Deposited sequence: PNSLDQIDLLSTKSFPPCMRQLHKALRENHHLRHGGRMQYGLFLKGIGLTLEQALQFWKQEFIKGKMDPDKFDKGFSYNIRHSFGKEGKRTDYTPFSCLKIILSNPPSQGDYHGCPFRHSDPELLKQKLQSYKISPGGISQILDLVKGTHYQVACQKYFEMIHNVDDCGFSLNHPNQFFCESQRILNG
């Protein structure tokens, strides 16, 4: 068992916007509603990590989460984009599809993306080209001109990001 904070750096470097957001929310709120627990939990499962939810003796909902090295299937991009739209207490979904563009812009700014980077992303989103906007985000983040793959799965994003960071 290990704390979720062991993968803070990893989320920033290799997690797609949709999992990055869930990691953040889990870390700041100490919980996630079902949709989030599924999307994020299953993503981690795909990498080979087991997320564990626990209730602390003193019970703030009073949960604590951990992870360890290791049923349901990790969600693809189309699954995330097209089904289970997030409600107000929810942090799941795809921020390209689900975030109001003003709020998406502010998230992307907090991520230190360039204005030209942001502007290309927002134009792709207007077009409903969510996955291509996410490749664009992959390119900005890894500082490469062509991601070189056709994005269709948050788990693929991770493997492809790691492969670049691994040389």
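Counting the deposited sequence from 1, the stretches lacking C-alpha coordinates are 60-72, 84-91.
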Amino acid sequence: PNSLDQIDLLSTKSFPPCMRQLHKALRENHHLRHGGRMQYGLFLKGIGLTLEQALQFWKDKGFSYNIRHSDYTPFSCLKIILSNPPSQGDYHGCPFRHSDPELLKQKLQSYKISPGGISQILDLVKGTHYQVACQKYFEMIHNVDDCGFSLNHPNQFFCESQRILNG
From here on, numbers count along this sequence of modelled residues.
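Averaged over their C-alpha atoms, the temperature factors of 115-123 and 131-139 are higher for 115-123. Per-stretch averaging of Cα B factors for 60-68 and 34-42 places 60-68 on top. When the C-alpha B factors of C18, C159, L151, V144 are read from the deposited coordinates, the top value falls at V144.
Ranked by Cα temperature factor within the chain, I81 sits in the middle third according to the deposited record.
Sort the chain's modelled residues by C-alpha temperature factor and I47 lands in the lowest third, per the entry. Placement of the Cα temperature factor of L26 within the chain: lowest third of the modelled residues, per the deposited record.
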